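Next come the chains, spelled out residue by residue.
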Amino acid sequence: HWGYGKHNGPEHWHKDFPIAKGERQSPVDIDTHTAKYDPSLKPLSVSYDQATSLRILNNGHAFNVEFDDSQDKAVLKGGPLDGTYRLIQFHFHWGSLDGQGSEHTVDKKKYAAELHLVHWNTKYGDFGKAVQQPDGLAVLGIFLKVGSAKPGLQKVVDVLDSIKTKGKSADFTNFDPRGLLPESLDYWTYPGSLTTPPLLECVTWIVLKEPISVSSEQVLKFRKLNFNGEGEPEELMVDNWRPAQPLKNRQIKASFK
Ligand SMILES: O=C(O)c1ccccc1[S@@](=O)Cc1ccccc1
Ligand SMILES: [Zn+2]
């Protein structure tokens, strides 16, 4: 099915998922001069102290760190959000080279990777129902640049050898996602979509302005994963990012001056 190759990549997705050419697709380029500070935005609250991670899975597209969302533990609220959004999983998008990898861009600048912490609106009961709603999801996006190592990312890096191929998973309990955040919570926000099929238009995007630094050795290990399953020809999991989509009738708001 879909992927990131010449034959099944982003340019082909619209044939099975027509919403790929929709009115609120993600990612987008964030033009900093056009984004406007919004006084109506409330303070952003990232409450991950009670987070309960469970497993890490190579799904043939990226790797997902999954959480127990059966209760209000790790939640995101405030900012542009109405209500409480529960963390369900996080994953990354990255490149084959440090000059590319992120999905959102900032004044056309591409970062080496991008972290997505996916949350669903608790008013909808479960993730499946939330993805049938225009305000069903909130994704916290964080850029990664190559420089100093990110200590809080090392546990993820070290388990990747165990889930090299599509379909493999490993226990991944007691992981603290607080260790993946930058110091500042300044952000840009706009209404968009999931960046992977089915590309559903249910996401309030909150993209942090401050990138986190990770080491070249850390990202190099992301690039050793495989898109293929065990026993199949090796196709390195790199460049699993969708490029910027038309902004159309949308405005990007900034939480800062
Ligand atoms: O799929 C991609 O994203 C992809 C990206 C770049 C080059 C090739 C591919 S697919 O041919 C690899 C693949 C996937 C699943 C099972 C076996 C093989
Ligand atoms: Zn993503």
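Rules used in this analysis
Residues numbered from 1 in each chain as written, not as in the entry; some residues may be left out. Chains lettered and ligands numbered in written order. Heavy atoms only, no water. UniProt positions renumbered as here; feature names shortened; annotations may be inferred. Helix = DSSP H or I, 4+ residues; strand = E, 2+ residues; numbered from the N terminus. Rg over C-alpha atoms; globule rule 2.2 N^0.38 Å. Buried < 20%, exposed > 50% of the residue type's maximum accessible area, 1.4 Å probe, protein only. Contact = heavy atoms within 4.5 Å. Areas by Shrake-Rupley, 256 points an atom, 1.4 Å probe, with all protein chains shown as cover. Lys, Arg positive; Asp, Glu negative; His and termini not counted. Charge placed at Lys NZ, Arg CZ, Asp CG, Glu CD. Near = heavy atom within 4 Å. Polar contact = N/O pair within 3.5 Å; in protein donor to acceptor, adjacent residues only side chain to side chain. Nonpolar A, V, L, I, M, F, W, Y, C, P; charged D, E, K, R; others polar. Pairing = 2+ DSSP bridges.

- Going by the PDB entry, the chain carries the name Carbonic anhydrase 2 and comes from Homo sapiens.
- The record lists the entry's title as "THE CRYSTAL STRUCTURE OF THE COMPLEX of HCAII WITH AN ORTHO-SUBSTITUTED BENZOIC ACID".
- Per UniProt, the comment on the chain under Sequence similarities is "Belongs to the alpha-carbonic anhydrase family."

What to know about the overall build of the chain
Reasoning step 1: In terms of helices and strands, the chain carries three helices and 15 strands.
Reasoning step 2: For 257 residues, the compact-globule formula gives about 18 Å, and the C-alpha radius of gyration of the chain, at 17 Å, lands near that figure.
Reasoning step 3: Taken along its principal axes, the extent of the C-alpha atoms in the chain is 55 × 40 × 40 Å.
Reasoning step 4: Here the chain, with 257 residues, has 52% of them falling under the buried criterion.
Reasoning step 5: Taking the intrachain contacts of the chain between residues at least 6 apart in sequence as the baseline, contacts between residues at least 24 apart amount to 70%.
Reasoning step 6: When the accessible surface of the chain is summed, it comes to about 11,800 Å², and 49% of that surface belongs to carbon and sulfur atoms.
Reasoning step 7: Taken as two groups, the 31 positive and 32 negative side-chain charges of the chain have centres that lie 3 Å from each other.

Describing unusual backbone geometry
Of all residues except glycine, most have a negative phi; of all peptide bonds, most are trans.
Reasoning step 1: At the junction of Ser-26 and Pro-27, the peptide bond is cis and its omega measures out at 0 degrees in the coordinates.
Reasoning step 2: Take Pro-27: it is sitting in the segment before β1 (29-30).
Reasoning step 3: In this model, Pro-197 is joined to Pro-198 through a cis peptide bond whose omega is 0 degrees.
Reasoning step 4: Topologically, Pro-198 is positioned in the loop between β12 (187-192) and β13 (203-208).
Reasoning step 5: For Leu-199, which is not a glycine, the phi torsion comes out positive at approximately 55 degrees.
Reasoning step 6: Mapped onto the secondary structure, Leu-199 falls in the loop between β12 and β13.

Some words on the UniProt feature "binding site: substrate" in the chain
Reasoning step 1: Taken from the UniProt record, the annotation "binding site: substrate" applies to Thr-195 and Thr-196.
Reasoning step 2: Here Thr-195 is to be found in the loop between β12 and β13.
Reasoning step 3: When near neighbours in sequence (up to four residues on either side) are disregarded, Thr-195 contacts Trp-13, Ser-26, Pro-27, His-93, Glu-103, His-116, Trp-205 and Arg-242.
Reasoning step 4: With respect to the element layout, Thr-196 can be found in the loop between β12 and β13.
Reasoning step 5: Residues within four places of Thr-196 in sequence aside, it is in contact with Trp-2, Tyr-4, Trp-13 and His-93.

Focus: the site of ligand 1
Reasoning step 1: As a structural note, the neighbourhood of ligand 1 is formed by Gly-3, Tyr-4, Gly-5, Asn-8, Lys-166, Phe-227, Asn-228, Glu-232 and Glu-235.
Reasoning step 2: Separating an oxygen atom of ligand 1 from a backbone N or O atom of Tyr-4 is a distance of 2.7 Å.
Reasoning step 3: Take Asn-8: an N or O atom from its side chain is 3.2 Å from an oxygen atom of ligand 1.
Reasoning step 4: The protein chains hide 66% of the 420 Å² of surface that ligand 1 would expose on its own.
Reasoning step 5: When grouped by side-chain class, the residues that make up the shell around ligand 1 number two nonpolar, four polar and three charged.

Some thoughts on the pairing of strand β6 (residues 75-78)
Reasoning step 1: Here strand β3 (residues 44-47) pairs with β6 via four bridges, running antiparallel. Residue pairing for β6: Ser-47 is matched across the bridge by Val-75.
Reasoning step 2: Of the strand pairs in this sheet, β6 and strand β7 (residues 85-94) are connected by two bridges, and their pairing is antiparallel. Its bridge partner lying in β7, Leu-76 is registered against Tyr-85.
Reasoning step 3: Turn length for the β6-β7 hairpin, with the two strands adjacent in sequence and antiparallel, is six residues, and the turn residue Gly-79 shows positive phi of about 65 degrees.

Regarding the UniProt feature "binding site: Zn(2+)" in the chain
Reasoning step 1: Summarizing the sequence annotation, UniProt attributes the feature "binding site: Zn(2+)" to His-91, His-93 and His-116 in the numbering used throughout. Spanning 26 residues, the named residues nonetheless gather at one spot, since no C-alpha pair among them exceeds 8.2 Å.
Reasoning step 2: Of note, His-91 is situated in strand β7.
Reasoning step 3: With relative accessibility at 12%, the residue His-91 sits in the buried group.
Reasoning step 4: Not counting the four nearest positions on each side in its chain, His-91 is found in contact with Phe-63, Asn-64, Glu-114, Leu-115, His-116 and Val-118.
Reasoning step 5: With sequence-adjacent residues up to four places away left out, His-93 is seen in contact with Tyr-4, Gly-101, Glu-103, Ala-113, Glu-114, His-116, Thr-195, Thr-196, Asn-240 and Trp-241.

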